[PDB]
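J.: show me the folded form of this:
(4 chains, ligands or ions: 6)
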Amino acid sequence: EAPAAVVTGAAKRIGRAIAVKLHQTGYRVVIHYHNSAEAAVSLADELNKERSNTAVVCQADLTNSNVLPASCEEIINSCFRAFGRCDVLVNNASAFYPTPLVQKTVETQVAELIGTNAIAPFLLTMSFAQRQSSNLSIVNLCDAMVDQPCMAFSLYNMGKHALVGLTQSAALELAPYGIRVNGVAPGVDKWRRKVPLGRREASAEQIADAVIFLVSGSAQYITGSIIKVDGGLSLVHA
Amino acid sequence: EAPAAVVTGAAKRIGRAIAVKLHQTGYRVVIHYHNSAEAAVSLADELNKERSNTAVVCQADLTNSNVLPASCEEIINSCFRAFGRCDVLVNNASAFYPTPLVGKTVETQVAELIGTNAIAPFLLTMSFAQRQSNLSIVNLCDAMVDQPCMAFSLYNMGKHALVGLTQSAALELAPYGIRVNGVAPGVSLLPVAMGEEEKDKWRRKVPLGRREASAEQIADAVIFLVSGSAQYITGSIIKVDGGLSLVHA
Amino acid sequence: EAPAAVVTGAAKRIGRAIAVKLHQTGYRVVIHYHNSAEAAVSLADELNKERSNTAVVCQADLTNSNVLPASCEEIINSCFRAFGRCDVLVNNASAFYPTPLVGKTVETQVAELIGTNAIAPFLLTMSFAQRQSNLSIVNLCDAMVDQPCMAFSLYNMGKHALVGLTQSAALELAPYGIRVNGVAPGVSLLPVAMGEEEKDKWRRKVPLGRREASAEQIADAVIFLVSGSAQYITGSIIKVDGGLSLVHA
Amino acid sequence: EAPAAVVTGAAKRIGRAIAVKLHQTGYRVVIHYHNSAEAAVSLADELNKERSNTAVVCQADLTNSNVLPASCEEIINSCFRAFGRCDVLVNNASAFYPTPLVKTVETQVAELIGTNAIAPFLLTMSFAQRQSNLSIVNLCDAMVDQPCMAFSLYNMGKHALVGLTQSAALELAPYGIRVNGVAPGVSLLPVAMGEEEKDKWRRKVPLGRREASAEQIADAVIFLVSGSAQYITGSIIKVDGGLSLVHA
Ligand SMILES: NC(=O)c1ccc[n+]([C@@H]2O[C@H](COP(=O)([O-])OP(=O)(O)OC[C@H]3O[C@@H](n4cnc5c(N)ncnc54)[C@H](OP(=O)(O)O)[C@@H]3O)[C@@H](O)[C@H]2O)c1
Ligand SMILES: NC(=O)c1ccc[n+]([C@@H]2O[C@H](COP(=O)([O-])OP(=O)(O)OC[C@H]3O[C@@H](n4cnc5c(N)ncnc54)[C@H](OP(=O)(O)O)[C@@H]3O)[C@@H](O)[C@H]2O)c1
Ligand SMILES: NC(=O)c1ccc[n+]([C@@H]2O[C@H](COP(=O)([O-])OP(=O)(O)OC[C@H]3O[C@@H](n4cnc5c(N)ncnc54)[C@H](OP(=O)(O)O)[C@@H]3O)[C@@H](O)[C@H]2O)c1
Ligand SMILES: O=c1c(O)c(-c2ccccc2O)oc2cc(O)cc(O)c12
Ligand SMILES: O=c1c(O)c(-c2ccccc2O)oc2cc(O)cc(O)c12
Ligand SMILES: O=c1c(O)c(-c2ccccc2O)oc2cc(O)cc(O)c12
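T.: Residues are numbered from 1 along each chain as shown, chains lettered A, B, ... in the order given. Ligands and ions are numbered 1, 2, ... in the order given. Coordinates below:
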């Protein structure tokens, strides 16, 4: 049978491009969404028109709460139910906004910027591992600018740092199960002009290309690695 | 007057050593504690006998919850209430225990490991900054964050997040003259419940002396970062690890 | 026409697997070698049997000296002479041996370890850029550069310098459309001289499979970085280490 | 009785401030210089006025060559001949200039890689072979991962010095020799540089919109060689005002 992948936040932008490329490579896909139901179904419709019953949607709020563990279990379960297997988890969903240190409640901001960006990936990783010839792997969507962060983005940056720690800890702990764990770290008119490879427009498809590599048989010895896909931006001094 | 410092988890071990060395340097100190009330009061008693009215205690749970922002605000408020100023914040308190991927509910583990290690330092940083000389924050990091112990993912995530806070807060608070740095132990004071044979296994890994860091050695790096000799240093994390992090598998 | 690639130290082991995979992908190849003439010519013959006029050899010593720039210029020139273009440079050649701090002279060890691992890649990069589609350079780095082998200081210095070159050249060559990236093996093909018991010692450290990387697995990451699927990737170093660099002492 | 230190490139700027602070802390000092003889001698004379027979100068070119190992051995030897001991080595001397990809190139290699990396390696070898609170401090660069355009050889040399710091920390730890680094961002700016250009760099620094003084860099060196750092080895302390944290 065809392998199957879960992509979180898959309705639009980067998650959509990732789901499309996995599907094109022969994966069946779970398109996770929170609010973007119309877009998720529209994508599933397009993929199913290409190959019948190869795409399903799954609703879950990835905010941290007492029910986040159940929601993450359901995302993984939905893959097994539709397809009988779950070979690939892509932790792509993320919240992004500033949280200034000097002036949503702050604990709501914690729930979104830490919950969605780090805790949901952790819980999804647990559920994925617990439910397990094969080529099993997880890819976490990191941030190339994690060590040169945007001003007043402390909670966002903390969450993306935690995600690096998860990538490394899970790579170590899941290696005995043959589960590889890796990351892809994107960068980004003012910003475009900073990018060394700025002649090329940045695209969601370029991010997806790195995800496709990492889940492929061409990356079977790669675990705990984070691939920057940033056009050189992180190399540029102030 | 004398400057004042908040040290979290200061009743015992590394936090106590930091509080003691800050006090010896001339600081008035808030000794934060959670469960170790007898030890915290005993320490404050010793310090106050040395110089009267220079130490207070402050109890707070630093587990994440909807009241954590108020608890962190209160810790900073206690320093201003006792001493009329708050010059230094040391984020030392930490929960440390395994959370295998394959007692406590997972959401409790998240609240404790991510709350103590990262969210509380964030909220304390917010409160410290908002309440405002040589002002600085020192975060107790971990030199082994990139070579983590097996089955400690939540602990490791929290310490990674603490590196992110150190860097983000250094950037953002620099215009206010608040420096933000870290001290990253490798192996220092081993868990009390750890057997000696297991302690020795870890000691033997350390290139510089085949021994763990003393609490004083960790405190020495904190003292440097808060001192005038570190006035241009912000966003730096000083490993105090005897070379441990350089040793391959 | 078909694009062309220079692979240094391509007669044997990882460089050979890289040359083969680039050839299989459609590249014409310059097989650079130093001492392994029989192996280099044998490889070129095998590749030419597959597609005529798609492989040549080029001999050069990559030890540092006042003639190293001419040797590196010649390697790039050989690709233009054979194929009329040079699209890819893979800096794979390496000297590897201990140089303790406490029968070669020290300046020979410097010339060999720093020359082959760092200076030659720099000069080859200069020549490649000056002679100039999907142009790129791939440097063979080392996943263990921050947890080095005992008594390998010069080797480790050379590999650190190669990280610096990768980043500096990525920055400087980006406006010419030349990407510069690295592939960092952990334990891959072990030294020929090594005993089986010692080889197994190292194999057992690797989390993913308890085995070293095959040459083919290292080559796979090089193939990705030179491909159209990596056109926004520059200044990146991909570890291909089975998790080895994540394992504490 | 009093410990002794070698400081390379100690005649001016950062190395001068390091030599002064070490001397103030109680060290006897070898002031290494290459071209700056008058400044080296003036510093030695000032230090000897403070305490007799506590400073000497030592001339050497630290460019890579067949004679570099002997030169580096002689620098370390000069400390033992003057003071009977050598407790601290500070690798401060540096060549710094652009080397665009697109002086001969091999001269540039010899200068940039020799001063910044090979000379520190050879001095480390000689220091260790000759051997309490022993340590080495290497002057690194906080911007090694966000380098200036067209500075590849300089950047390669400073990356190699990070590798040396870590490899030597590991290998010399059994001998009780600690090996650490101090990594400035922008400190003392080139003397010729216009104030208007200096200001473009100063404005980038989060902490105070100014460059580090030489004394602030020296303060981190003094901490690292002190009894307060006796468990610290293989560590590189940035002294950069937050500069390395600032995105493009
Ligand atoms: N020890 C090492 O080898 C080592 C290695 C790497 C990093 N570090 C870091 O260095 C710092 C000091 O280490 P340590 O071994 O001295 O720390 P520790 O003894 O493990 O913990 C210090 C204090 O943290 C407080 N704490 C724990 N959970 C809390 C909660 N939910 N709310 C409020 N306070 C809480 C406790 O206070 P009460 O006792 O009052 O309840 C405890 O005494 C920590 O940040 C640690 O992560 C230590
Ligand atoms: N193997 C591993 O486990 C491992 C681990 C980390 C990094 N790496 C890196 O990956 C790359 C390939 O590894 P490998 O084990 O296949 O390499 P290797 O066999 O050690 O060396 C590859 C080739 O480099 C050439 N070479 C050595 N000294 C030279 C000189 N002075 N001038 C010109 N060429 C010279 C040799 O060519 P001739 O035979 O023609 O003389 C040799 O065949 C290297 O850069 C290595 O540092 C490998
Ligand atoms: N200044 C900064 O902003 C900055 C930033 C990042 C890193 N750093 C690092 O911090 C350290 C001190 O910086 P600095 O600006 O004070 O250094 P500097 O003035 O550029 O150089 C220090 C000394 O190095 C010596 N030197 C240069 N080439 C030499 C050679 N071939 N042989 C022997 N000695 C040689 C020179 O000695 P003579 O004058 O006697 O010839 C010079 O006075 C350096 O390692 C530098 O790379 C500085
Ligand atoms: O990080 C710790 C740690 O690695 C270790 C550690 C424990 C056993 C063996 C090696 C260790 O580094 O102990 C800790 C104890 C604490 O109270 C708090 C901590 O953060 C640590
Ligand atoms: O870096 C290498 C290495 O660590 C090792 C290595 C050797 C023994 C045990 C573990 C290792 O990673 O082998 C190499 C062999 C080479 O020909 C070239 C190299 O760069 C290495
Ligand atoms: O690294 C340096 C540097 O970045 C700079 C620098 C120069 C201009 C603008 C910004 C800088 O960081 O100056 C140096 C001067 C030296 O004498 C030696 C150095 O290593 C530097």
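J.: hey, where'd the strands end up in chain A?
T.: Using DSSP state E, the strands assigned to chain A run over residues A:4-7, A:28-33, A:55-59, A:88-91, A:136-141, A:179-186, A:226-229.
J.: direction included, what does the third one pair against?
T.: Spelled out, it's strand A:55-59. strand A:28-33 (parallel) (DSSP bridges).
J.: repeat that for the longest one.
T.: Using DSSP bridges, the strands paired with strand A:179-186 are strand A:136-141 (parallel), strand A:226-229 (parallel).
J.: which of the strands of chain A sits closest to residue D:133?
T.: Nearest of those to residue D:133, taken as C-beta to C-beta: strand A:226-229 at 39.0 Å. For the C-beta atoms, the positions are set from N, CA and C on the backbone; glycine is no exception.
J.: let's have the strands paired with strand A:179-186 in a markdown table, adding mean neighbour count.
T.: A markdown table is the format used below for the strands paired with strand A:179-186 (neighbours: other C-beta atoms under 10 Å in any protein chain shown):
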| stretch | mean neighbour count |
| --- | --- |
| strand A:136-141 | 25 |
| strand A:226-229 | 26 |
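J.: for the residue of chain A positioned farthest from its centre, which residues are in contact?
T.: Ranking residues of chain A by C-alpha distance from their mean position (C-alpha atoms, centre = their mean) puts residue A:103 at the top, at 31.3 Å. Neighbouring residues of residue A:103 by C-beta atoms under 8 Å, 6 or more residues apart in numbering or on different chains: residue B:130.
J.: state the distance from it to ligand 4.
T.: Using C-beta to the nearest ligand atom, to the nearest Å, residue A:103 is found at 32 Å from ligand 4.
J.: in chain A, what residue lies closest to ligand 2?
T.: residue A:221 (11.8 Å; C-beta to the nearest ligand atom).
J.: with adjacent residues omitted, what lies nearest to that residue?
T.: Nearest residue to residue A:221, sequence neighbours excluded (C-beta to C-beta, 6 or more residues apart in numbering or on different chains): residue C:217, at 4.3 Å.
J.: quick one on the thing from earlier: the strands of chain A: which one's closest to ligand 3?
T.: The closest of those to ligand 3 is strand A:226-229. By C-beta to the nearest ligand atom, the value is 24.4 Å.
J.: what's in contact with that closest one?
T.: Residues from elsewhere that reach strand A:226-229, judged by C-beta under 8 Å, 6+ apart: A:142, A:144, A:164, A:167, A:182-187, A:206-207, A:209-210, A:213-214, A:234, C:232-233, C:235-236, C:238.
J.: now do 6 Å
T.: With contact meaning C-beta atoms under 6 Å, 6 or more residues apart in numbering or on different chains, strand A:226-229 is reached by A:142, A:144, A:183-186, A:206-207, A:210, C:232-233, C:236, C:238.
J.: surely residue A:61 touches residue A:34?
T.: Yes - if you go by C-beta atoms under 6 Å, residue A:61 and residue A:34 touch, sitting 5.3 Å apart.
J.: tally of neighbours for the residue in chain A that ligand 5 sits nearest to?
T.: Residue of chain A nearest ligand 5, by C-beta to the nearest ligand atom: residue A:221 (13.8 Å). Look at residue A:221: counted by other C-beta atoms under 10 Å in any protein chain shown, it has 27 neighbours.
J.: tell me who's in contact with it.
T.: C:213, C:217, C:240, C:242.
J.: most widely separated two among those residues?
T.: Farthest pair in these (C-beta to C-beta) is C:217 and C:242. Separation: 9.0 Å.
J.: would you list the phi and psi of the residue of chain A found nearest ligand 3?
T.: Using C-beta to the nearest ligand atom, the closest approach of chain A to ligand 3 is made by residue A:237 at 12.0 Å. Backbone torsions of residue A:237, given as degrees, to the nearest 10, read phi -70, psi 160.
J.: could you name the helices and strands sitting against the longest helix along chain A?
T.: Ordering each helix of chain A by length in residues (DSSP state H) puts helix A:154-174 first. Using 3 or more C-beta pairs under 6 Å, 6 or more residues apart in numbering or on different chains; DSSP states H and E, the elements in contact with helix A:154-174 are helix A:120-131, strand A:179-186, helix B:153-173.
J.: and with 7 Å instead?
T.: Applying 3 or more C-beta pairs under 7 Å, 6 or more residues apart in numbering or on different chains; DSSP states H and E, we find helix A:154-174 packed against helix A:120-131, strand A:136-141, strand A:179-186, helix B:120-130, helix B:153-173.
J.: residues making contact with the third one?
T.: Translated: strand A:179-186. For strand A:179-186, the surrounding residues in contact (C-beta atoms under 7 Å, 6 or more residues apart in numbering or on different chains) are A:129, A:132, A:136-144, A:167, A:170-171, A:174, A:207, A:210-211, A:214, A:222-230, C:208.
J.: show me how far stretch A:147-161 is from its chain's centre.
T.: Its chain's C-alpha centre and that of stretch A:147-161 lie 17 Å apart, by C-alpha atoms, centre = their mean, to the nearest Å.
J.: er, stretch A:6-14 I mean
T.: Counting by C-alpha atoms, centre = their mean, stretch A:6-14 is centred 8 Å from the centre of its parent chain.
J.: contacts for that stretch?
T.: With C-beta under 7 Å, 6+ apart as the test, stretch A:6-14 has contacts from A:15-16, A:18-19, A:22, A:29-33, A:36, A:39-40, A:43, A:62, A:75-76, A:79, A:86, A:89-94, A:141, A:204, A:207.
J.: cheers, nothing more for now.
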